[PDB]
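*Asks:*
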Amino acid sequence: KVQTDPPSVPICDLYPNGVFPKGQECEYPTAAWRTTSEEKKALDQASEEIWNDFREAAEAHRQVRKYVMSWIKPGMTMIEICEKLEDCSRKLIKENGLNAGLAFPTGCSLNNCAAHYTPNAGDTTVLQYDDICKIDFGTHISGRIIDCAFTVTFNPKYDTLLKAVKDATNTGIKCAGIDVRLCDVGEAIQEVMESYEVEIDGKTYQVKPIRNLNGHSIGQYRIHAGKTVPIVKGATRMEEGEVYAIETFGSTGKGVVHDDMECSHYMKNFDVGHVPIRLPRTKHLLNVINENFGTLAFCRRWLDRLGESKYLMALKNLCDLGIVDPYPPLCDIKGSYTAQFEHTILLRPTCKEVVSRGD
Ligand SMILES: Cc1ccccc1OC[C@H]1CCCN1c1ncnc2nc[nH]c12
Ligand SMILES: [Mn+2]
Ligand SMILES: [Mn+2]
């Protein structure tokens, strides 16, 4: 009934009465009347089993990330890192089809690559001492997703770039709240990130937010629910009961990402309904996706793990039909360095809970 070393005990077995620990609770940016309002307390208690699912997913995410930090080292292949992390995540979340599991593939994007890189089979990439690696993974219970990421480095030359991005993410978390404008969250993040200047191998940079990357609302089994949180200047509001991934990306490059490298990430389009398919390999792959992932993102390694082979044409057919969308790695210019920090927040009627942050 205590967690093992390495962790193998499901979070569900660690909390025998089914009540999971809350994340950090904050007052909204006076908004104090919310924590004692009898109607807000009733409205909060109404969604309690929902918050409880996010909390179970968040405790699994915190235990996996402390475990990753203990062993991630240069010399490991990216496949080895992803498999070791996912093996742990599956055990702690007590994976059970679409009821509990991994919410999206483990990102381990390196250097100028900011996001959506996970190795496909046969990728020989090895983590290097000078690499800047963004570990971004997700867990869910009943489709209540925790989207939380951090940057791993071994060389102290990146310390101030990581501090800039962490400070910008924390500013975003602080600025966020019920009825707060999303563009106001974006402007606060940019101001903080751009106050930092960094020196890396004798070159100086003013840290740039990646202008075409952003935070986002989260929906049930829907990593992007439709609202985006900008990380640069340039007036939609946050609403009560919403869930957001507050994330920032800092870059020493142009502060703009473009699609590059082989695609690993894919996700069924939430707006496309039932589409009958007769093509047998394409029909089979769609059934595999519907059974195992639904509208959650998946990667090619996860198809290989399910025993699927020779599915690339079937997968391209699904993309061409608009049923599945590809999400290729997003990179800034060659030679640039990118960092990321991300947390999931619940906009509860009574308080703001940074559910992925322990407290
Ligand atoms: C729908 C959509 C519209 C526009 C842009 C991106 C996007 O979807 C991108 C999703 C699918 C792949 C992985 N995706 C993730 N989205 C958010 N945060 C993530 N953290 C790790 N993977 C994450
Ligand atoms: Mn993420
Ligand atoms: Mn995200």
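Numbered per the entry's author numbering, the sequence shown spans residues 110 to 138, 145 to 349, 352 to 476.
Cβ coordinates follow ideal geometry from the N, Cα and C atoms, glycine included.
Tell me whether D114 counts as near ligand 1, meaning its Cβ is closer than 7 angstroms to at least one heavy atom of that ligand.
*Replies:* Taking the first residue of the sequence shown as 1, we reach residue 114 at position 5. It does not: the Cβ of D114 is nowhere closer than 7 angstroms to a heavy atom of ligand 1.
*Asks:* Looking only at DSSP bridge pairs, what is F415 linked to?
*Replies:* Here residue 415 refers to the residue found at position 298 when the sequence shown is read from its first residue. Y383, per the DSSP bridge assignment.
*Asks:* Could you tell me the distance, in whole angstroms, from the CA atom of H331 to the CA atom of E195?
*Replies:* Indexing the sequence shown from 1 puts residue 331 at position 216. Indexing the sequence shown from 1 puts residue 195 at position 80. Whole-angstrom Cα-Cα distance: 30 angstroms.
*Asks:* Could you check where the beta strand (DSSP E) with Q457 kicks off and where it finishes?
*Replies:* By one-based count along the sequence shown, residue 457 stands at place 340. Start and end: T455 to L464.
*Asks:* Could you check what DSSP says for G424 in three-state terms: helix, strand or coil?
*Replies:* Your numbering for residue 424 matches position 307 in the sequence shown. Residue state, collapsed to three classes: coil.
*Asks:* Using beta-carbon positions only, say whether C248 and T233 come within less than 8 angstroms of one another.
*Replies:* If you number the sequence shown from 1, residue 248 lands on position 133. If you number the sequence shown from 1, residue 233 lands on position 118. Not in contact: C248 and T233 (Cβ atoms no closer than 8 angstroms).
*Asks:* Is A362 near ligand 3 - that is, is its Cβ less than 7 angstroms away from at least one heavy atom of it?
*Replies:* Working through the sequence shown from its first residue, we reach residue 362 at position 245. Yes, the beta carbon of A362 sits closer than 7 angstroms to at least one heavy atom of ligand 3.
*Asks:* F129 to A362, Cα distance in whole Å?
*Replies:* Residue 129 sits at position 20 when you count from the first residue of the sequence shown. Residue 362 sits at position 245 when you count from the first residue of the sequence shown. In a straight line, the C-alpha of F129 is about 20 angstroms away from that of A362.
*Asks:* When you compare each of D238, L217, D251 and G372 to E171 by their alpha carbons, which one comes out closest?
*Replies:* Residue 171 sits at position 56 when you count from the first residue of the sequence shown. For the residues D238, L217, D251 and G372, the minimum Cα distance to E171 belongs to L217.
*Asks:* Taking 7 angstroms as the cut-off, is the CB of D122 close to at least one heavy atom of ligand 3?
*Replies:* Within the sequence shown, numbered from 1, the residue matching residue 122 stands at position 13. For ligand 3, not one heavy atom lies less than 7 angstroms from the Cβ of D122.
*Asks:* Spell out the partners DSSP gives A215 in its beta bridges.
*Replies:* Within the sequence shown, residue 215 is the residue found at index 100, counting from 1. Answer by DSSP bridge pairing, in chain order: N211 and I256.
*Asks:* Assuming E309 and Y320 make a contact with CB atoms under 8 angstroms, what is their CB distance in whole Å?
*Replies:* If you number the sequence shown from 1, residue 309 lands on position 194. If you number the sequence shown from 1, residue 320 lands on position 205. Actually they are not in contact, since the Cβ atoms of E309 and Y320 sit about 11 angstroms apart, beyond 8 angstroms.
*Asks:* Is any heavy atom in ligand 2 found nearer than 7 angstroms to the beta carbon of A146?
*Replies:* Taking the sequence shown and counting its residues from 1, one reaches residue 146 at position 31. No, the beta carbon of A146 sits no closer than 7 angstroms to any heavy atom of ligand 2.
*Asks:* Near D251, what residues of its chain come up, given a Cβ to Cβ distance below 6 angstroms and the 5 sequence neighbours on each side ignored?
*Replies:* As a working mapping, residue 251 is identified with position 136 in the sequence shown. Closer than 6 angstroms at Cβ, skipping near neighbours: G222 and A264.
*Asks:* Beta carbon of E174: closer than 7 angstroms to some heavy atom of ligand 3?
*Replies:* Your numbering for residue 174 matches position 59 in the sequence shown. No, ligand 3 has no heavy atom inside 7 angstroms of this Cβ.
*Asks:* Just how far apart, CA to CA, sit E153 and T467?
*Replies:* The sequence position of residue 153 within the sequence shown is 38, counting from 1. The sequence position of residue 467 within the sequence shown is 350, counting from 1. Each residue's Cα considered, the two are about 10 angstroms apart.
*Asks:* Would you say the beta carbon of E459 comes nearer than 7 angstroms to a heavy atom of ligand 2?
*Replies:* Counting from one through the sequence shown, the residue named residue 459 turns up at place 342. Yes.
*Asks:* Output the distance between the C-alpha atoms of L396 and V307, rounded to the nearest integer angstrom.
*Replies:* Within the sequence shown, numbered from 1, the residue matching residue 396 stands at position 279. Within the sequence shown, numbered from 1, the residue matching residue 307 stands at position 192. Using only the alpha carbons, I get a separation of about 52 angstroms.
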